[PDB]
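Notes for the structure review
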Amino acid sequence: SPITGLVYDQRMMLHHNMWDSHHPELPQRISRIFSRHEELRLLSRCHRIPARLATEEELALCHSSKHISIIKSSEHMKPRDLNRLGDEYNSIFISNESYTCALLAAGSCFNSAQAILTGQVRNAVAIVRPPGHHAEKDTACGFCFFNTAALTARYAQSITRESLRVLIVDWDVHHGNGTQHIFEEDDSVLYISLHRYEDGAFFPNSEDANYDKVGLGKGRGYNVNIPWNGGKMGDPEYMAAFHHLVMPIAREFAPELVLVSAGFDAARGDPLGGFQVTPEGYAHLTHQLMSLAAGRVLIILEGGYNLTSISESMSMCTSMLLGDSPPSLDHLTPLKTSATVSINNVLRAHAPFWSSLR
Ligand SMILES: O=C(NO)c1ccc(CC(=O)N(CCO)c2ccccc2)cc1
Ligand SMILES: [K+]
Ligand SMILES: [K+]
Ligand SMILES: [Zn+2]
């Protein structure tokens, strides 16, 4: 079924910051990504998957009733009360349409996972906002209300079987604290994150993101953090992390579905990330993941704030999903010594759990 699905809905643009029309998490992130897909004739090659609202019962797969009800209630708030509610969270703005856009983003991803798991398509891309991976069971954080990726893994298990093996690869420049916590005790969902860490000083500013956090109880080994220290990283570092860590661990895990928390704020041009991963870089990461899970890959937009960088990067990913050949990747410099230390720290930490690690 060599078809690639694409899901996008303009209604997700309604979510906005009422006090700063220029806030980085712009409604125009998704519309510019979508337009580039059109221009490059990628959209027309895809099977268009309908967006939908997630239900409250689906939200409850990962989130508490209290958290759901609080975010639901913002739908009817006056502007000053929205400001106050948003200030109760770390790095959140809320509008009357926020709840609905968050529901659309999750339901769009559920329909995509269903299309893949029932064989209607091989793989899919979801152009959605607001993002999800900083969201926790009981709280909103870092522009995220509900954890779209976490929900989707659980949704997928719910329409297949409880023990469906799901891999979540999170290449957003920030650590997905919410995703790690939701599955920390879980051995059916393998969470792998690459992220700027700087010894805990980079958002979300927690030692939860370090390499030594390997999972808990039966989930021991099923949480893989690859923290970057010492400034700018690029294609050389990310390709080396995939070669030595991500792809060997993923092959041993043998996932049946791969979800990508695909933020593009590690891209060159992005002020919030400060890294230099190129669009060709992201193409190669995507292409490697396609060798897993009989090709069952869902790419889900997280962060990424340079409108041109994210449009070109995510388009490049969809092109790989569609079966185009990978672009030339420039002379991969020897790694920064810092990156080498990071990769060796993860290798040492995970040697007890993954026999295939050399
Ligand atoms: O999802 C994200 N990036 O993909 C993301 C999540 C959270 C942030 C916040 C964040 O990182 N910062 C600090 C920037 O140096 C911040 C800025 C202004 C006000 C409050 C905090 C930035 C990005
Ligand atoms: K990440
Ligand atoms: K896990
Ligand atoms: Zn991010």
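Residues numbered from 1 in each chain as written, not as in the entry; some residues may be left out. Chains lettered and ligands numbered in written order. Heavy atoms only, no water. Residues with missing side-chain atoms left out of burial classes, pairs and counts.

Regarding how it was determined, this PDB entry cites X-ray crystallography in its header, along with a resolution of 1.900 Å.

The chain carries the name Hdac6 protein in the PDB entry, which gives Danio rerio as its organism. The title attached to this entry in the PDB is "Crystal structure of Danio rerio histone deacetylase 6 catalytic domain 2 in complex with HPOB".

For the potassium ion (ligand 2), every protein donor is listed as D170 (O), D170 (OD), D172 (O), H174 (O), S193 (OG) and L194 (O), and the spread of their distances is 2.6 to 2.8 Å. Bound by six donor atoms, the potassium ion (ligand 2) shows angles of 70 to 166 degrees at the metal and therefore irregular coordination geometry. In terms of primary sequence, the donors binding the potassium ion (ligand 2) are separated according to D-x1-D-x1-H-x18-S-L. You'll find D172 and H174 in the same group, each marked buried. (Donors = N, O, S within 2.8 Å, 3.2 Å for Na, K, Ca; no water. Tetrahedral: all angles 85-135°; square planar, octahedral: opposite > 155°, others 65-115°. Buried < 20%, exposed > 50% of the residue type's maximum accessible area, 1.4 Å probe, protein only.)

Bringing the pattern of salt bridges into the picture now. Should the charged atoms of two oppositely charged side chains come close, the side chains can pair. Throughout the structure, instances matching the rule amount to 11 salt bridges. With a shortest N-O distance of 2.6 Å, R129 and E25 are connected by a salt bridge. Here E25 lies in the loop between β1 (4–8) and α1 (28–39) and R129 lies in the loop between β3 (123–127) and α6 (148–158), a separation of 104 residues in the sequence. For the pair shown, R129 and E25 are each scored as buried. Of the charged contacts, one joins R161 and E256 as a salt bridge, the two residues approaching to 2.8 Å between their closest N and O atoms. With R161 in the loop between α6 and β4 (166–170) and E256 in the loop between α8 (235–253) and β7 (257–262), this residue pair connects regions lying 95 residues apart in the sequence. Relative accessible area serves as the criterion here: at 35%, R161 is assigned to the partly exposed category. (Salt bridge = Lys/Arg side-chain N within 4 Å of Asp/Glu carboxyl O. Helix = DSSP H or I, 4+ residues; strand = E, 2+ residues; numbered from the N terminus.)

Our focus in this paragraph is the sheet that holds β1. Within a sheet, each strand pairs with its neighbour through backbone hydrogen bonds, oriented either parallel or antiparallel. What the eight strands build is an open sheet, ordered β2-β1-β3-β8-β7-β4-β5-β6; its pairing is parallel. Edge positions in the sheet fall to β2 (47–48) and β6 (223–228), since each of these pairs with one other strand and no more. Two strands pair when backbone bridges link them, and β1 and β3 are joined in this way by five bridges, in the parallel orientation. Opposite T4, over in β3, you have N123 as the bridge partner. Helix-sheet contacts for helix α5 (residues 98–117) involve β1, β3, β7 and β8 (297–301), and the interaxial angle to β8 is about 170 degrees. The strands touched by helix α10 (residues 307–321) are β1, β3 and β8; relative to β3, the strand with the most contacts, the crossing angle is about 160 degrees. (Pairing = 2+ DSSP bridges. Contact = heavy atoms within 4.5 Å. Axes fitted to C-alpha atoms, helices over the stretch in contact; angles between N-to-C directions.)

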